[PDB]
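Nothing in this text is a laboratory measurement; each read-out follows from the coordinates by a stated rule. Backbone-built Cβ (ideal geometry, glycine too); neighbour counts: all protein chains shown.
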Amino acid sequence: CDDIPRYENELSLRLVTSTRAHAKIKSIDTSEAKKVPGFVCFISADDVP
Amino acid sequence: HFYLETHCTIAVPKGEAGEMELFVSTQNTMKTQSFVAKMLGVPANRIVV
Amino acid sequence: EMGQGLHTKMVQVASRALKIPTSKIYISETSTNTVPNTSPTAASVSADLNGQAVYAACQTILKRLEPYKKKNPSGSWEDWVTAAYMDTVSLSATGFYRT
Amino acid sequence: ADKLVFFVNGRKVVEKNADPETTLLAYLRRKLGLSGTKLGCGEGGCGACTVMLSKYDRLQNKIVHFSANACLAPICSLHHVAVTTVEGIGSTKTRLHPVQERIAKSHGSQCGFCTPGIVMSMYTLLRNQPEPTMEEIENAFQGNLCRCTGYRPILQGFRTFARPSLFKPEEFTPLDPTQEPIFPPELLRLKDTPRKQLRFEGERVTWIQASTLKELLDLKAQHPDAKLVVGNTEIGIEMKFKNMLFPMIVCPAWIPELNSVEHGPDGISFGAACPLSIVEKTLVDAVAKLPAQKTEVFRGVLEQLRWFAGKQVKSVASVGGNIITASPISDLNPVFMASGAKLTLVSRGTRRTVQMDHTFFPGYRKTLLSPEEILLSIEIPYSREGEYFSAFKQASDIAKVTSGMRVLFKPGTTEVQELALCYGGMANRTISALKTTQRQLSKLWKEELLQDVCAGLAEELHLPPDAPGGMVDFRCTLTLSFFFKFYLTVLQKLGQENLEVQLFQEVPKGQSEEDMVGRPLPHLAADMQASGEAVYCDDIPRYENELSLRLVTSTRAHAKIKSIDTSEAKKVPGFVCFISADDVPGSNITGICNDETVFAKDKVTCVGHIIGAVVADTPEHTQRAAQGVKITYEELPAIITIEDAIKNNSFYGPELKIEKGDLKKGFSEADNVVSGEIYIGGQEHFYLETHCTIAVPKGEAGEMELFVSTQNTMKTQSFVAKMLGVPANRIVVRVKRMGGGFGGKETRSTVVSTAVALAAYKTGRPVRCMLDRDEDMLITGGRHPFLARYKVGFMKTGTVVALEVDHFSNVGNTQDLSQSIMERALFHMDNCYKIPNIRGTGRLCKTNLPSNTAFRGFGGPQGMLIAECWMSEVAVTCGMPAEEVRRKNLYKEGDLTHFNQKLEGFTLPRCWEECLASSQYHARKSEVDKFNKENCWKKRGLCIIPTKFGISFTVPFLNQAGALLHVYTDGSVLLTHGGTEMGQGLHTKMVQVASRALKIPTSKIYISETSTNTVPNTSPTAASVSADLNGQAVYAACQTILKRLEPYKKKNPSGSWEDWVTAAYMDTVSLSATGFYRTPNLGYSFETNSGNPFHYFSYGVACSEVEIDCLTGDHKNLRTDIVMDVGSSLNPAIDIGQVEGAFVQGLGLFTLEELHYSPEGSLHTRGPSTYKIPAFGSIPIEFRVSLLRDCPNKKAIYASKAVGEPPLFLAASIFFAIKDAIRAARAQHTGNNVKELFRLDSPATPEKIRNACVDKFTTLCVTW
Ligand SMILES: Cc1cc2nc3c(=O)[nH]c(=O)nc-3n(C[C@H](O)[C@H](O)[C@H](O)COP(=O)(O)OP(=O)(O)OC[C@H]3O[C@@H](n4cnc5c(N)ncnc54)[C@H](O)[C@@H]3O)c2cc1C
Ligand code: FES
Ligand code: FES
């Protein structure tokens, strides 16, 4: 599958996941991540249209 | 399960009229189609898997 | 195909029903605008159900061809196809099955 | 100073490393992947590459906006400039901008390609001048050409912005210009922080952007071979096409001193860098604010600049440039020279001041400049009291001619103090009068000066018949006729010799709001074409390892091939490998009657034919490699011309013929016999998207998938599979759309796909290639020209009785389709006349010219033109009226054609009668001779022509097609069918139909692309039947679905359509079905003259007024009314759109387009600059089209007739109306000549019209 070549503008993804077994979710902090080289954007539940 | 190829998805958007084409390691072709079309909010006939 | 020979079995069948060598028939990939509304590739029946469908479609083709086989019953299979083409018959067909 | 920085659409770009050779388009297109700013010529005048530059001024501390073509503009010019693109103003994923939506909704975008270009042209206008005049809009568009639409809808959609029906302009959204996007606030923070000079370094060139005048001058003084670039509209051409390479460029341009305007005591003075566009602007108003005699030279400069060229170019090229560039054909230099203009030259320690005169250009593109001297400024002079000036240019590096003329008299009298006549295009360089000028000095503006002048004008600038450019006595005459024009318009300025709409039919009262068949719904994708978003071909992204190709081609007309040398090419950076004929692993003998070779082997047969190709990493590298491989040939003899061919006995299989009667009988039985020959010229497809092919090899079991701009899906598949040597079922070809095809992509497309395929096969990774305008016009080739000779016998009533006609067709160097074309020719010699004894033949001539192919028309439009010639030669020999004669020998309902097929339900006389009605021929005719009586030097003409066109493929077994319909579990439908969209609404019609048959809203059905594993074995998307055949197939498939559903509709007959589908699904029915169709009872035999070749006929009739200027050879295209039978149109907006387009293409073919070939056979004529297709400017003044009402056609899908081609012939009318005014000017200046019979050839150009308008001057020139 991933054996199929890139295109020349293709991004990678990789998805973020809950480290507790039942809880409410008090807020999300994206700041440390926008420092990484090549970072494009963080997708979340508020974005599905 | 431990299959050797683990899961995955190259998704390629064409950009006119919501079309998108997806290359996907699945047993269930139908469903990969509709729940993508549901989440996106478009007619099934713009999706090809 | 999850590596369990569905494709190789699907070929075997269609080779037989049509009576042309396995070598001459190719399957390339599976997709949702070649044949829509498909059940999960699932509970062992995956062989049998497509098995059937492939058959039917096979049969509708051979009916279409009879006339040209009749008129030249010792010629090539290529012979009967160039033939039907120029006379104006469909060479593309669907095929379905329910248990 | 290294980093260049500019902005694109709002965002900043900081490009560390620019190579002065990368052009803005291209940065745009393939570095920041914004497609949709398209490439159309690369040569400057198609404008599909148009964008908008906004920058901050500094001198008048203002922010300015202009248009420019991005195919030409180097990125090193663009420091600190901001670019707006098509996808900058608006999009379908937000709001379209009103320039966008109106051009879409008013039917102005059929194929769709020239669309962003026109949109920006318009968009910029508005941003400078926010409520313009219908004249100013008229006129943004010199820069932009479209092929599919004939212009009318464009202008009528935008007319809206300025001061039983088809689109509602009152529903358009309104437009608030406070809402366009803001000038980036970040330049502007710059603007203070002052310029210093910059240097960028490239792979081959070095670019120094200079900043003071001091740094220019020093630079040039220590490196005098350094090349000035300013507008780049010159160098750009030279570096791309005449493979020149100047390694060090300095661009002035920033320099305050070279950009200044100044109001002297004496004339106005302009900095060399200034663009034309502002020279104009200056003059334009300073003429209107000023005593109308100082302004005599000004009025001339402006006079040339209207017909110079068009806005995207005027806003970049400098006067400086034009003056020094110095071509033979500058239109500016004559005027400046005749003007005696005033140049200011400088170097470091140099301050020369020369008056322009014959002396300034010594030789071929040279001037008086020394290498270290630059031009500072020009000064155009006020005119003194009793000093008079005009300028002339006439149109369609040598030919045409352009002139500046000046005279001054001894004051308060006629006399002649000074006189100078300067002419472009008659020599090497811009020349002066002068022997002739001398002698005229102190005479009087009177008759025997007018003679002495014209006498000397013929001797001095006499032309040898070998002189290059050709054309000689046109080129001649013009010299006098301009003078004569001039003489007259002097006189006038003293004591002065006095004597003293579109309509169609409404749908049924009854029928549903959401049945859409018959209603005028706009092209399924015009929004997205207008918006930039629709993806055409090379528009499809790269992959990350994808190579480019580009193919190598024979520079001789017939020769053996002694050997190939690849050495110079392997030196280029990124070079991958050279593919040749020894590499196909399959079969090198392809083409379509197996005549031709995939790559040449052992010998080359025309001007060239593919020898091989080179493979690299970028396309500019592709170029340099091409360039690189050098071949060595030994040279055999050449057949070229139609004759030869015959004088040699060539050609292509045995003489075709049709016969009926006897005939020996007519001619003996007859009153008069005429007897003539005429020649019809060839023609270029010029679609906007040129050819091409992304080929992608998968790598297991030979599979490959190809994305291809074609009309013929099938064939692209097999001849790829043949050449490769694998089973057809490993090949898949897909077409989503095209920038137009008109036949030109029915077959020839394969020549490219084939090559590309192999490069992928070899290297194992994707490869694409797409032609530049210049390669494409060579390689693919044209419509067929014809020579015909005839003989026609007739009574003195005008009733015709016998006719005999011989055709040949020049073919080229492979058979191809050429046979089927000839046949269709023969089927059409009758046009619309019954004619009881008749013999027509034709031959197919072998030549060393590239192979001619299929073009809208298919030979039909060649004569029906022959006969129709012949015809008006009858009517003239009788003594007339021409109307009465045609009316007189019309087929009538139920007769039969010379091939014995019955004419049933024959509409033609209703089209006839109903046209002369509305058009009102008489009185108009009378009103015309009247103008002819009162005008000496301009004349007018009027004509009315018929036409009938058989519909259906001639090989009968091509009349078939087929489709595939899926219904998803959610209600949505998925349609595909055999045929392909070239921007002509097939898809939109295919939807309309299926919406109806299934009785669900148009909105719910989608079609996505066309392909060879959705529906195999498909006929070319070709001879107008493409609608009807897929029409049928779609139907069938529709029906099989509704049968399947009945049961579930029955059981719940008031539920939703979604209801019936979830329903059938769970009960276990198929929701996917096929569908097919054959046209029945077809087949004509040639030797038996029987049986049935067509299925029905299209009919129609046209009426045109023209007026010529018989001094120059130019004409206006005054009015034109058509009435067309379409049956019951599927979509009257798209038909019509179809009508007007085709009609305009006839315009081109009969009056405007000419190809030229060197004597020994290399095509000379290769881009929008030398091949002039018809422009916004060229369409008829009033243009009236009407579909014919109440007349259903029961032999074809829901009552409709075919509409593609028939109407293109009707332009005929403009040709004959043009032959008519010719009569009238011959009869004034020939003294007498009774009933003339004179040779007129197609295409009727300025040269050929002028030439045949005989008089005083033609006679003085008498004796490539
Ligand atoms: C689409 C199109 C249509 C055209 N139509 C016409 C037409 O209708 N009539 C016509 O006459 N021409 C026409 N042209 C030519 C165009 O007018 C010229 O290219 C323009 O005049 C050149 O200005 P430039 O800034 O591009 O010069 P560049 O292209 O930058 O280079 C031009 C020459 O100027 C030189 N130069 C030398 N000294 C100086 C100096 N002192 N100051 C400035 N430049 C100097 C450079 O060496 C170079 O040779 C047309 C061109 C295009 C492609
Ligand atoms: S001006 Fe760029 S393609 Fe025509
Ligand atoms: S719509 Fe303009 S070239 Fe096709």
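Between the stretch D:1186-1264 and the stretch D:1025-1047, the alpha-carbon centres lie 45 Å apart. Note on the stretch D:298-379: Cα-only Rg and Dmax are 13.2, 40 Å. When the protein assembly as shown is described by a simple charge dipole with +1 on each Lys and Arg Cβ and -1 on each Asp and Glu Cβ, the residue from D:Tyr652, B:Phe2, D:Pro585 located farthest towards its positive end is B:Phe2.
Show that you can apply the helix-only estimate: for the protein assembly as shown, add -39,500 (n - 2.57) for every DSSP H stretch of four or more residues, divide by all residues, and state [θ] at 222 nm to the nearest 500. Only helices count here, giving -8000 deg cm²/dmol.
If each Cα of the stretch D:787-881 is one equal point scatterer, what is log10 of I(q)/I(0) from the Debye formula at q = 0.18, 0.22, 0.24 Å⁻¹? Reported log10 I(q)/I(0), two decimals: -0.81, -1.06, -1.20. Projecting the Cα atoms of D:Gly782, D:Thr797, D:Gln529 onto the charge dipole of chain D (Cβ charges, centred on the Cα centre) puts D:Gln529 farthest toward the positive pole. For the stretch D:378-392, putting each phi into the Karplus relation 6.51 cos²θ - 1.76 cosθ + 1.60 with θ = phi - 60° gives couplings of 9, 10, 8, x, 5, 9, 6, 6, x, 10, 10, 9, 10, 9, 9 Hz, in residue order, rounded to whole numbers and with x for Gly and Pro.
Only the Cβ atoms of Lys and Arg (+1) and of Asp and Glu (-1) were treated as charged; on that basis the dipole of the stretch D:710-819 about its Cα centre amounts to roughly 480 debye. Counted over the stretch D:111-258, the DSSP beta bridges are approximately 40% antiparallel. Once the Cα-Cα distance is subtracted from the 0.36 nm per residue extended length, the D:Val673 to D:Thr1230 segment shows a gain of 198.0 nm.
Rounded to 0.05, the FRET efficiency of the D:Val507 and D:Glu913 pair, given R0 = 30 Å and the Cβ-Cβ distance, is 0.70. With q set to 0.09 Å⁻¹, the log10 of I(q)/I(0) for chain D, from the Debye formula over equal scatterers at the Cα positions, is -1.32. Look at the stretch B:11-17: the mean tally of other chain Cβ atoms within 10 Å of its residues' Cβ atoms is 6. Summarising the strand pairing of chain D, around 80 percent of its internal DSSP beta bridges are antiparallel. The Cα center of the stretch D:820-847 and the Cα center of the stretch D:642-705 differ in position by 11 Å.
I'd like to know which of D:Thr1263, D:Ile323, D:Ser1098 lies farthest towards the positive end of the charge dipole of the protein assembly as shown, counting +1 on Cβ of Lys and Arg and -1 on Cβ of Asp and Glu. The one lying farthest along the dipole's positive direction is D:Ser1098. Once you order the gyration tensor axes a ≥ b ≥ c over the Cα atoms, which shape class does the stretch D:663-727 get: rounded for a/c under 1.5, otherwise prolate or oblate by comparing a/b with b/c? The shape class here is prolate. Distance from the C-alpha centroid of the stretch D:743-816 to that of the stretch D:943-1016: 27 Å, rounded to the whole angstrom.
Assuming charge only on the beta carbon of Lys and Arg (+1) and of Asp and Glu (-1), the dipole of the protein assembly as shown about its Cα centre is about 1440 debye to the nearest 20. Note on B:24-30: average number of Cβ atoms from other chains within 10 Å of each residue's Cβ is 5.
Remark: the stretch D:635-720 carries a charge dipole of roughly 240 debye about the Cα centre, counting +1 on each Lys and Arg Cβ and -1 on each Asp and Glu Cβ.
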